[PDB]
Amino acid sequence: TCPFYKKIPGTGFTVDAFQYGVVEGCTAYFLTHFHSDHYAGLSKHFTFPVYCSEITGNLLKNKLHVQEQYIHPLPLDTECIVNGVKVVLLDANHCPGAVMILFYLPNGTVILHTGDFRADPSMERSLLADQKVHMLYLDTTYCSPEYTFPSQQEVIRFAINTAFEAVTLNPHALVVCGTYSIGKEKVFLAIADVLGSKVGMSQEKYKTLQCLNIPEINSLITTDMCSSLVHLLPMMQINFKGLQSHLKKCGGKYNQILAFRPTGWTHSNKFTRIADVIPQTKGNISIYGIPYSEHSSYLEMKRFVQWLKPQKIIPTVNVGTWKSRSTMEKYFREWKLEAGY
Ligand code: NI
């Protein structure tokens with residue numbers, strides 16, 4: 001049964017609610033982004049209308065084989081009418097195709113559902129600026145002040161400079177980057193660009209990337225691993241055993257691996273600056289954990305909410321424990337009292 005925080009009151013609508021069978025009363029199912037916890041339940045047999053971005057719709061059709069007649073893509077930043085209700089999709093600054101959804105209820109209430117997002121000041125000048133929001137369904141993944149991490153730009157600068165240094169010292173070093181979902185493509189694209197290489201990957205991953213409308217992509221990626229010195233592998237293979245085995249397959253072309261695991265937050269964030277990060281090393285293999293986040297830090301989240309001034313906040317992440325829920329409610333009250341709404 002569908003939980004309350006996936007239902008939009010006063011509408012026939014649900015958000016990210018595909019694993020509950022036929023939801024009673026639901027006339028349109030929205031999907032914020034193509035990550036498995038959110039799409040769980042969709043397949044070629046789904047026969048209700050699915051509303052989403054163009055990029056999410058490319059992925060539904062090509063990866064999950066959802067039939068085209070049930071996919072309803074909407075343009076961003078554009079007032080659209082769905083089953084008699086005005087909606088807008090806004091960029092969530094998460095993975096490719098990820099959106100926030102603004103719903104203009106028939107009774108005058110305005111609701112923003114952030115999906116998964118990384119808040120940014122740039123959102124304070126979208127169509128959110130123009131009216132009041134009464135209810136906020138909020139991505140609270142890192143809603144505690146211990147969650148700090150650098151900007152995406154600082155992290156990419158670190159990775160570029162690290163990869164370029166190592167491969168200029170040793171032209172026989174291979175760079176490997178871990179992946180398990182869409183998102184974080186800038187990591188491996190920026191490294192391949194500094195090295196003058198395409199990114200090599202499996203057919204399945206190349207297919208996924210060909211759905212994302214990235215400009216000039218045919219210029220940046222390939223399935224020919226032998227032509228490439230930046231390879232992508234499954235995240236589960238980014239360990240000493242998995243990397244040793246990969247280096248064997250490369251046929252004496254390389255004699256060293258430098259590998260990257262983009263994680264979200266890890267507790268080495270509470271002590272160490274990005275400039276100071278060091279790898280784990282065994283023999284000719286080094287592994288860097290880099291804190292490239294596609295979710296809001298605590299400070300970014302706070303700033304967005306204090307700017308928006310919602311009347312009510314409904315968390316959509318960390319909702320399963322009373323200690324989490326109680327923590328989050330305390331922070332929302334602090335924020336409200338400090339800013340005065
Ligand atoms: Ni996500």
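The chain is numbered in sequence order, starting from 1. We count ligands from 1, going down the list as the structure has it; atoms in each ligand are counted the same way. Because only heavy atoms are used, hydrogens play no part in the values below, and waters and symmetry mates are left out as well, while side chains stay in.
Checked by atom type, the side-chain pair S144/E146 shows a donor-acceptor distance below 3.5 Å. A donor atom on one side chain and an acceptor atom on the other are found under 3.5 Å apart for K249 and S245. Under 3.5 Å, the side chains of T222 and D224 contain no donor-acceptor pair of N or O atoms. Side-chain contact of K63 with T208: a donor-acceptor pair under 3.5 Å is present, judged by distance alone.
Listed by chain and residue number, the protein N/O/S atoms under 2.8 Å of the Ni ion (ligand 1) are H33 NE2, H35 ND1, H94 NE2, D116 OD2, with waters left out.
Looking at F332 and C143, their side chains come closer than 4.5 Å, going by heavy atoms from C-beta outward.
For the ring pair (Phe, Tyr, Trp, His ring centres under 6.0 Å) condition, the pairs that include at least one residue of residues 57-89, sequence neighbours left out, are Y51-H72.
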